[PDB]
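A.B. asks: Shown below is the structure under consideration.
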Amino acid sequence: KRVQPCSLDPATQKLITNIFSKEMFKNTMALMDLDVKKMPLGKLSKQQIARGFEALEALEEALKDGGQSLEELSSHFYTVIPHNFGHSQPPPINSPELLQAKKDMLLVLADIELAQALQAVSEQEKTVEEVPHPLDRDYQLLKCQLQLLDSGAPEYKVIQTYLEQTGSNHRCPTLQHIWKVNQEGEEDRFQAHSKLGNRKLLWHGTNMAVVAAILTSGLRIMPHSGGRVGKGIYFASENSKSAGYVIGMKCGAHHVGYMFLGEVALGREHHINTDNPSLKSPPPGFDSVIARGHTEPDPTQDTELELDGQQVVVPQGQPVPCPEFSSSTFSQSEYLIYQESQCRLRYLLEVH
Ligand SMILES: COC(=O)[C@H](Cc1ccccc1)NC(=O)CCc1nc2ccccc2c(=O)[nH]1
Numbered sequence: 055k056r057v058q059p060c061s062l063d064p065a066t067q068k069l070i071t072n073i074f075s076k077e078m079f080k081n082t083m084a085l086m087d088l089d090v091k092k093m094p095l096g097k098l099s100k101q102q103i104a105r106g107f108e109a110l111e112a113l114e115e116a117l118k119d120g121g122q123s124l125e126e127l128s129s130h131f132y133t134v135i136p137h138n139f140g141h142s143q144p145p146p147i148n149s150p151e152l153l154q155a156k157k158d159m160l161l162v163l164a165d166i167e168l169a170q171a172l173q174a175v176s177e178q179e180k181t182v183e184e185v186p187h188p189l190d191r192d193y194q195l196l197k198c199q200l201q202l203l204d205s206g207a208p209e210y211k212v213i214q215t216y217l218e219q220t221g222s223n224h225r226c227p228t229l230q231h232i233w234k235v236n237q238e239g240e241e242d243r244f245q246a247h248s249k250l251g252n253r254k255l256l257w258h259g260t261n262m263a264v265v266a267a268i269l270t271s272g273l274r275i276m277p278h279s280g281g282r283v284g285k286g287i288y289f290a291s292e293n294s295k296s297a298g299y300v301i302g303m304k305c306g307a308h309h310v311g312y313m314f315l316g317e318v319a320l321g322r323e324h325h326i327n328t329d330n331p332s333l334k335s336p337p338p339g340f341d342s343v344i345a346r347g348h349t350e351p352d353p354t355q356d357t358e359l360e361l362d363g364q365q366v367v368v369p370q371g372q373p374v375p376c377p378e379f380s381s382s383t384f385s386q387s388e389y390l391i392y393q394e395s396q397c398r399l400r401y402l403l404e405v406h
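According to my numbering, the sequence shown holds residues 55 to 406 in order.
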């Protein structure tokens, strides 16, 4: 079986190496305090996660009797999903906060498993006498087009400022590479929202073990997903807010982190200053709910872009106080869309 040469550039070789690394997914599992010696990457199945979520479904009903205890039902979740706690008694899930924390850990594992199932060798690849370079195979597996952009691009100095001015003042993410993303299948669903305006290019931060799943499926509204403002996709106009979720992985003296830039079609937006986890969609006549923050990049330093004949607002300015929302329960803005079709990824960033 002849191994074909790598057609990808060094930057795209790194990206694919990182996001598809077994060590990276195993390390992401170690950080989520999961026992990788009792739950290996290859043993990780859609049945085990279903069971895990089923065990959290039973716990959720106990907080909201006569049945089993909170210590008895927690014990089963730990028997299903094994954690490394130094061989000591596990703690019971006794709050909505811990419930969603243990729900958000299974939402990462689902993408860790997805990427694994994605890398399965088809019988078409078996009846074929030649194989592509492993990196080129993984790149083909995403069914996504990543275009590495240089300094001499209309959108390079646009995104550079965006990252600088809205990124944390002292802990500034050092930009390395920008890939223009084009997901095949995500084009038409967003094209339907042509009637819906108020287009804004907004950040989205994730840990390295879900990057590939987003490069294959796009950004989703998963069953058992949620947070401070409900079952929608979370976007920040400030880079600092998104970068909190990006766990930096060590690589010599440097740290690796990958960040997304989605195109959010908001339309008639409904603002808020209080947390509402119970949300599943916006109020009628509205298409997006935005949790307004204490600070915001001054909408006077804003720029625009023409992505597929549409005008996308790009915030370029530094955060500024917002007296209309001076008493908001959110320090920084959070943008929520309640239908996947209203997003389309536009850029993948490499930050150090
Ligand atoms: C591994 O990916 C993550 O870090 C997790 C949970 C999650 C989400 C999707 C798939 C898997 C896991 N969270 C996100 O992708 C969203 C994180 C995020 N939350 C925000 C909340 C408010 C405002 C902005 C953000 C944001 O930019 N990213």
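All residues carry an ideal CB built from backbone N, CA and C; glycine is no exception.
For ligand 2, is there a heavy atom less than 6 Å away from the beta-carbon of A174?
C.D. replies: Looking at this structure, you won't find ligand 2 anywhere; what it does contain is ligand 1.
A.B. asks: I believe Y288 touches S342 by the beta-carbon criterion, under 8 Å. Please report the beta-carbon distance rounded to the nearest angstrom.
C.D. replies: Contact flag wrong, Cβ pair sits at about 12 Å.
A.B. asks: Assess, as a yes-or-no matter, whether the segment 239-246 is touched by the segment 393-404 under the definition of 3 or more beta carbon pairs within less than 8 Å.
C.D. replies: Yes, the segment 393-404 touches the segment 239-246.
A.B. asks: Anything with a beta carbon under 6 Å from a heavy atom of ligand 1 counts; list them all in chain order.
C.D. replies: Per the Cβ criterion, the list is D158, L161, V162, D165, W257, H258, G259, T260, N261, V264, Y288, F289, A290, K295, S296, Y299, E388.
A.B. asks: Give the DSSP-derived three-state secondary structure of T260 in the structure shown.
C.D. replies: coil
A.B. asks: Please state whether DSSP places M159 in a helix, a strand or coil.
C.D. replies: helix
A.B. asks: Using 7 Å as the threshold, is the C-beta distance between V212 and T354 below it?
C.D. replies: no
A.B. asks: Quick one: what does DSSP say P150 is sitting in, helix, strand or coil?
C.D. replies: helix
A.B. asks: From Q201 to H231, what does the alpha carbon distance come to, in whole angstroms?
C.D. replies: 10 Å
A.B. asks: So, with DSSP's three-state summary, where would you put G121?
C.D. replies: coil
A.B. asks: Among the residues of its own chain, which have a CB less than 6 Å from the CB of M83, if the five just before and after it don't count?
C.D. replies: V90
A.B. asks: Cα separation between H406 and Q199?
C.D. replies: 23 Å
A.B. asks: Is the separation between the beta-carbon of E317 and that of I344 shorter than 7 Å?
C.D. replies: no
A.B. asks: Under the DSSP definition of a beta bridge, which residues are partnered with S342?
C.D. replies: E323, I391
A.B. asks: For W257, I'd like the list of residues in its chain whose CB is within less than 6 Å of its CB, leaving aside the five on either flank, ordered along the chain.
C.D. replies: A290, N293, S296
A.B. asks: Just verifying my parser: in three-state terms, what is the DSSP assignment at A164?
C.D. replies: It is helical.
A.B. asks: Using the C-alpha atoms, what's the distance from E167 back to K55?
C.D. replies: Computed Cα separation, rounded: 28 Å.
A.B. asks: Could you spell out the range, first to last residue, of the alpha helix (DSSP H) harbouring residue 486?
C.D. replies: No answer is possible for residue 486: it lies beyond the span of the chain, which begins at 55 and ends at 406.
A.B. asks: Exposed or buried, what is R225 when buried is set at 16 or more other beta-carbons lying within 10 Å of its beta-carbon?
C.D. replies: Flag for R225 reads exposed.
A.B. asks: Determine, using beta carbons only, whether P351 and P377 come nearer to each other than 7 Å.
C.D. replies: no
A.B. asks: Which same chain residues, not among the five before or five after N236, have their C-beta less than 6 Å away from its C-beta?
C.D. replies: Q199
A.B. asks: In angstroms, rounded to a whole number, what distance separates the CA positions of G280 and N138?
C.D. replies: 26 Å
A.B. asks: Which same chain residues end up closer than 6 Å to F384 when comparing Cβ atoms and leaving out the 5 residues on each side of it in sequence?
C.D. replies: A345, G347
A.B. asks: So, does the segment 103-115 touch the segment 147-163, judging by three or more C-beta pairs under 8 Å?
C.D. replies: Yes, the segment 103-115 touches the segment 147-163.
A.B. asks: Pairs of beta-carbons, one from the segment 322-341 and one from the segment 164-181, closer than 8 Å: are there three or more?
C.D. replies: no
A.B. asks: If you follow the beta strand (DSSP E) that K180 is part of, which residue opens it and which one closes it?
C.D. replies: From DSSP, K180 is part of no beta strand (DSSP E) but of the alpha helix (DSSP H) over 177-180.
A.B. asks: Going by the beta-carbon positions, is the gap between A109 and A266 smaller than 7 Å?
C.D. replies: no
A.B. asks: Do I268 and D192 have their C-beta atoms closer together than 7 Å?
C.D. replies: no
A.B. asks: Give me the residue from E241, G286, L62 with the minimum Cα distance to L189.
C.D. replies: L62
A.B. asks: May I ask which residues mark the beginning and end of the beta strand (DSSP E) holding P351?
C.D. replies: 349-351
A.B. asks: What residues in its chain sit with their C-beta under 8 Å from that of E179, if we drop five residues either side in the sequence?
C.D. replies: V185
A.B. asks: Can you give the beta carbon distance from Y210 to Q370, rounded, assuming they're within the 8 Å contact cut?
C.D. replies: Between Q370 and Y210 the Cβ distance is about 13 Å, and since that is not below 8 Å, they are no contact.
A.B. asks: So what's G96 in DSSP terms, helix, strand or just coil?
C.D. replies: coil
A.B. asks: Using only the alpha-carbon positions, how far apart do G284 and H278 sit?
C.D. replies: 10 Å
A.B. asks: With distances taken between CB atoms, is the gap from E238 to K197 smaller than 7 Å?
C.D. replies: yes
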